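Down below is the structure, laid out as structure tokens.
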Amino acid sequence: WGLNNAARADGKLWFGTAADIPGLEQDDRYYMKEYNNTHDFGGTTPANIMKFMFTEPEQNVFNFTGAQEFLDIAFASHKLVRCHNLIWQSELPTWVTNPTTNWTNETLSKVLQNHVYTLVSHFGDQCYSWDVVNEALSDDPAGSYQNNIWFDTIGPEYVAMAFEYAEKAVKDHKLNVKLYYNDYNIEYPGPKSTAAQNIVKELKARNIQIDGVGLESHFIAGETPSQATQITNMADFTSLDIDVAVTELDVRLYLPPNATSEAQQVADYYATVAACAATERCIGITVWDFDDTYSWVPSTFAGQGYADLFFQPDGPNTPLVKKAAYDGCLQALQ
Amino acid sequence: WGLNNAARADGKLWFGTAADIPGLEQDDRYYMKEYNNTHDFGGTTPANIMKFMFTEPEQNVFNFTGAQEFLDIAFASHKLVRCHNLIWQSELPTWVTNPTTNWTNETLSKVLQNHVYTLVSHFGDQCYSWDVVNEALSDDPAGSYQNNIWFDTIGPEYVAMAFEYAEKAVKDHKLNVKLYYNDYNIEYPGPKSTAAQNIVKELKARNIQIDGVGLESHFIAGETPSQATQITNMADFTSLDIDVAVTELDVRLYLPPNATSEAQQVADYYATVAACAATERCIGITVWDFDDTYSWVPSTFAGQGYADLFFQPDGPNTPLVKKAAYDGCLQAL
Ligand SMILES: OC[C@H]1O[C@@H](O[C@H]2[C@H](O)[C@@H](O)[C@H](O)O[C@@H]2CO)[C@H](O)[C@@H](O)[C@@H]1O
Ligand SMILES: *[C@@H]1O[C@H](CO)[C@@H](O)[C@H](O)[C@H]1NC(C)=O
Ligand SMILES: *[C@@H]1O[C@H](CO)[C@@H](O)[C@H](O)[C@H]1NC(C)=O
Ligand SMILES: *[C@@H]1O[C@H](CO)[C@@H](O)[C@H](O)[C@H]1NC(C)=O
Ligand SMILES: *[C@@H]1O[C@H](CO)[C@@H](O)[C@H](O)[C@H]1NC(C)=O
Ligand SMILES: *[C@@H]1O[C@H](CO)[C@@H](O)[C@H](O)[C@H]1NC(C)=O
């Protein structure tokens, strides 16, 4: 009995994990045995291979092969897939970021439209959902739109546009895929969360399909919003007639860990999972990978790490050790 | 003079250990030096390589190579082998769990029949025994059958079927292989143990061969059933005209160990081994690996470990340290 059995028993669609597949993880038999364990993981998200630079490496030249290897692997484990992501400021190829000739509203809008419509149409119902727009909102000022190539060139309309063209692809191919907005620092009430709720409201008012909001939940031990804080934040979204999901959960510490900060981690994993469990329309929890060995964290937040449910004290391709954080998740579901 | 010498002096067939071989353990010279120590280990069980996903990775395409590698390594240090296992709910290949079309009773039964019969036939008397069915019984409610792809599709009959088709193989090819049922939480009196006894009674009544029950004996320090409790429970099984074996013994603790929990561990290893020693038709004790470094425990139970007879304080590829638990086993014998 594991996290995914427990989550499905609580009415959730999955307990899930991201994985950086295709990749070195596939060469680690101890990692893969646990990835493939449907007791723990009934959902998954590709960490990288469906992002824009990998799927459209040159303008109008699509590459689906790595993404399809990921989907094939997921399917063999009966995992529902959160496809991630269509439009984001990061991991953009050079033809977008540094074009020989400058984009116009017209020309970049067409690039966005073609990228969205082709990826959604191509993969169809292999995806349970798409993260159609990722991280459109600023941290400063918190309410406002992020400055990025899409925003700067198209304006705020690029968000509605992305959902509109993803909707066109689902309608044109009679798909069931759900359309999500995904962001971080929207897991607690505040101007950024409110701004995300206003995106949902605006789309709904325009009869543009939007099914859910992804709450990334990249947290630091001790800074994580309380379970109660997450409960009321989740309710604010779901009252807009959408689902939510916890999409990228990990709870990083300042290295090295100690007894206090490990105890904080367990509490913060518990709080986030418990808040999902208390929320009728939170459809599931996904961790942003489950093995510290392969976690994005220590590359991205210097002097932080230890963020995942398992680790390998002897490195890649050696046995896993389950952390107390895992039990925090399981208890939250029971 | 080691555990296996002592067990054999007491009328047992072995003291044994599982090993996850082929694998990482083969690259640890201090691990393999002890594995190959026949003074301690005269029996072994493959932790993974003889399971369904490895031996029939696609339907009616068998792969025996890994298993044969295990058997060859075992033969080199004169070990008797508990081959493990034929039918089990877990560790099944995606051609069985994620079929192109739905299994029915008929089509799955033939999958079962074919797996069991070809593995038993193929390996013949390289195996002392097969765990023909593993873990058929539920914990909740304890009495009952476990829901799995075999039971859901084929019904309770899948158990008698597996043994029937194993018996066919032994009869066809004139084998000595013993046929075991193997399970956990049946090491003490209660509904699950009584249910496993009922399986044996049912098979015997229908003249299906069943030679033993394997008592996994994955215990927690201080929760292990007393020696006396194990002695009765073992007698309840052996009175049905079968053998028993202690098949997967380990005694895990909540980390870190302390003087009290380590003393409990020694007492619990002693109790289990001593119960087998007391029991004429308990044929041997196998531990579920012998080196903490490679134990299954830490990947499965958060905050637990230290379950085995040896550990390596300096990590993989460094010398083993023999724990007090080892002397508990020896003294029991
Ligand atoms: O906010 C954090 C960020 O995580 C992203 O995932 C990736 C990361 O972008 C990439 O460099 C690294 O190599 O892989 C990790 C996972 O292995 C995610 O796409 C974003 O939504 C999120 O913002
Ligand atoms: C995990 O599943 C994938 C997809 O079937 C497979 O390629 C891989 O070998 C599996 N690894 C395990 C079970 O260790
Ligand atoms: C397509 O992607 C695959 C794997 O990600 C890569 O090997 C190949 O070179 C890419 N480009 C192509 C096929 O043009
Ligand atoms: C645990 O780590 C945290 C974060 O670095 C620190 O604030 C705290 O003092 C540490 N406690 C110890 C070392 O006992
Ligand atoms: C253990 O025996 C096996 C099988 O003969 C052999 O391959 C291995 O080298 C041995 N290792 C030792 C004795 O350290
Ligand atoms: C030893 O460990 C056990 C189990 O965790 C615990 O109950 C007991 O209090 C510990 N005794 C000590 C530290 O002396």
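Chain labels run A, B, ... following the order of the structure tokens; each chain numbers its residues from 1, and ligands are numbered from 1 in the order shown.
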Find the residues of chain B in contact range of chain A, meaning any atom within 6 Å when counting only C-alpha atoms, and list them as JSON, numbers by chain. {"B": [298, 299, 302]}
Produce as a ChimeraX atom specification the set of residues near ligand 3, where near means within 9 Å with only C-alpha atoms and all ligand atoms considered. /A:22,49,54-55,57,61-67,69
Among stretch 74-190 of chain B, which ones does DSSP place in helix (DSSP H, G or I), written as a PyMOL selection string? chain B and resi 74-76+94-97+105-126+149-154+157-172
One decimal place gives the atom CA of residue B:149-atom CA of residue B:95 separation as 12.4 Å
So which residues are near ligand 5, meaning at most 7 Å away with only C-alpha atoms and all ligand atoms counted, given back as a ChimeraX atom specification? /B:29-30,32-33,35-36,72-74,76-77
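Considering the residues B:270, B:64, B:54, B:294 and counting only C-alpha atoms and all ligand atoms, ligand 2 has its shortest atom-to-atom contact with B:54.
You will find atom CA of residue A:282 at 13.8 Å from atom CA of residue A:248.
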